[PDB]
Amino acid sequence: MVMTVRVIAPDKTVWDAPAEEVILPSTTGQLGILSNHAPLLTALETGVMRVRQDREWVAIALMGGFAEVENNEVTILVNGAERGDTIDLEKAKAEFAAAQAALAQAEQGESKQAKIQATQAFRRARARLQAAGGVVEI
């Protein structure tokens, strides 16, 4: 009835607590993990994970990485992670829209560097709004 869930960033463990269920933003879709799952390795996109410790949900924005699940240990390695409780949903809607436009603008442009920069910002702002607002499809 228990998994231990750990999110590990390059400088520190960001999350470490028991959970009944975790939703992982894998590169091929949202993965749903319950207790006693067979061992698994997956890539993680920049997006939102969710953790249910008892009956409520907690969302965390993840900046890409991978996850292993083995013997009721879920270990998540990401370049960065932010608790959705920390993100102002109005602000994150604002930023997502702004990054959306800046990305559209870079794409009209000539500079591959700018396209990459703006894509990086766009993905980060997406994952932050998914985590603030809880809806994946935006």
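Don't overthink the numbering: it's just position in the shown sequence, from 1.
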**OP:** Take the C-alpha B-factors listed in the entry for 41 to 49 and for 78 to 86, compute each mean, and give the stretch with the larger one.
**Re:** 78 to 86
**OP:** Between 100 to 108 and 60 to 68, name whichever shows the higher mean Cα B factor according to the PDB entry.
**Re:** 100 to 108
**OP:** Taking the chain's C-alpha temperature factors as the reference, tell me which third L34 falls into: lowest, middle or highest.
**Re:** middle
Subject >> Third of the chain, ranked by Cα B-factor, where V2 sits >> reply: highest
